[PDB]
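Two separate entries follow, structure 1 and structure 2, each one form of the same protein chain as structure tokens.
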Structure 1
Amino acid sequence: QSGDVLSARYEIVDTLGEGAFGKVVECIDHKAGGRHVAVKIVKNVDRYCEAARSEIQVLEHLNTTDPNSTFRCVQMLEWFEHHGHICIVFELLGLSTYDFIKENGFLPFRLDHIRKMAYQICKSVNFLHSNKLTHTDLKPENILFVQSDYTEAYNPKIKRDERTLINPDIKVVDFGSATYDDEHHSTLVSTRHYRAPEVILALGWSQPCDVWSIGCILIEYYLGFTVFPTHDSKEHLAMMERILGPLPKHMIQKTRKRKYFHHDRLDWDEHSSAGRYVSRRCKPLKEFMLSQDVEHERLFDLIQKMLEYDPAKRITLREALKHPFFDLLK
């Protein structure tokens, strides 16, 4: 669809991203001096139409409450319909955090940048949580750099060139799944590797599922890879147990996902082929730390608090924003 023209002013020049919903494209704005915008073009399919309308209502609420994007939600500039596709025009951001890491060879972010990003993510999502919203689909693909310009230098340690962002500021995108406290809560939310245990066990969810997703994001920024390299629910829970310890009994008793359990324990054979795979790729959380200096301990203390199994016990984002991991910012 490059070359197509929307609402007689936006000419498509590139595809920025793709998803269940349709695509996001970069357009030239022929009515505003040729400067560039992003446009989300949604498939003409009911479920995606309805999510897009929902996104528009969230974005209108967020833009009215925070018109300057102090809390780092992507700014919608306008919206319209075009050949029965809903189109949402946004400020043009840079690469997703995912795409940046990928382009840098899966080299993790330096801890000082991770601190700034985590703070901004927590601040943004906490704004949502303060307004009776849960995002539900937090992942590196939905955290974008405001500007993804970088300087480069040779790193002798690893013996290759690496990219460092000039400005690591981020924004949070994709409010298509975002859910108000009083609305219908989908059965399954999140992308699997960022999905909380209460979701996997069908116990019900709310704001704390976002906090679990954030904990997973932060591990990935730190390591350059997921600690949950899985596409199977039961295996995912086995990975959780290796990394975090046994699931709480009360969650196991409450769940109706009985296929995953035997007696009141995860139905998992450690000596099976899948068991070896889990045992090889997963280990207690603090063993992933790359240094023992206090800054790293504090990141991991926050991460462990975000990956608390019981959503009632998990750290809230308001509590996270005061964590000592974040003092070097002040």
Structure 2
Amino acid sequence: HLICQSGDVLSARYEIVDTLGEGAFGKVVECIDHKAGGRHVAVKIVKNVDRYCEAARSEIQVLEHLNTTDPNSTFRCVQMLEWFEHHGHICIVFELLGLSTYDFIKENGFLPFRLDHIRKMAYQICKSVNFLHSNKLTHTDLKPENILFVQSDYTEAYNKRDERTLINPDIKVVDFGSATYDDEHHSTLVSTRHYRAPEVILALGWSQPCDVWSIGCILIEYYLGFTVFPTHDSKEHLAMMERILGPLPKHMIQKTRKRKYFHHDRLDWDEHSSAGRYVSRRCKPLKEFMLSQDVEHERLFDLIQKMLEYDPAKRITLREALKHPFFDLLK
């Protein structure tokens, strides 16, 4: 807040007019670009933390590569316009987007998206991340907060109360600070808890399939308006998985160094604990979360179940996901 107040012309070009987001990462601000004719842009002001300078370095590198391969943004990665240093911070300039998909559900009284909208968003997410995968990249940090609408405009109509309906459901993918190349160093802990794959938690090594898991979790949240993994603990997360998807594969449990979670190669979960009772009443088999048994609902959950396959070697690829009957209605 000391160096990012309104009116500030960062690096003698970018007039700050609003702050859009704040956190440990730093801040995202809306700016007028005077040398681009007042066109509004988003500027990520990176915190002076070592971890976030490294992520910033890597996001610049990844997007310079991606925006160069896909300059028209056919595969819906956010465009990076430029980067610089100002007041000792790294600043990354992006095309301005709208509300995140998370923010939208939130601001809509936690109402889920309509299925026709989920199909379009799911297709665009899969296309985007499949493009990354074809370029030897894993995003690792896919979540509703990192899926942003191009335009946040909505119409309002009484339904309970007023419903908000997107004028344009199109999305782009953001935050490439954790994106990792196949041949480069893999961090052990990746993703925000609610969205990390079992192979990540169990430290079994990860690659592109861990993105597929995250998307599976995102689609559930679009369909329900809430997460099915409401936890802040690894072992509890695993227990939630077991209740929703069934027990972990034995071969995965035998291979993990995470012995602390297990006892005799079974999850060491105490069902007489407070956590135990909480998991039992909040979680249930995946198919029980369905709101309808109509064909297209069955198709979404068939796809979701494939995406949430425990074994990453067996998990559906995004290339295969794009061929799923759920997307047929897009033709």
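Numbering runs along the sequence of structure 1, starting at 1. For the two forms, the rigid core is made up of the largest set of C-alpha atoms that agree within 1.5 Å on superposition.
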For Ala312, is the CA shift between the two structures at least 2 Å following rigid-core superposition?
-> no
Core-superposed C-alpha of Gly33 shifting 2 Å or more between the two structures | yes
Shift in angstrom of the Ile56 C-alpha between the two structures, rigid core held fixed, comes out at 0.6
Any chance you could measure the C-alpha shift of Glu270 between the two structures with the core superposed, in Å?
-> 2.1
Report, in Å with one decimal, the C-alpha displacement of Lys43 between the two structures after core superposition.
-> 1.1
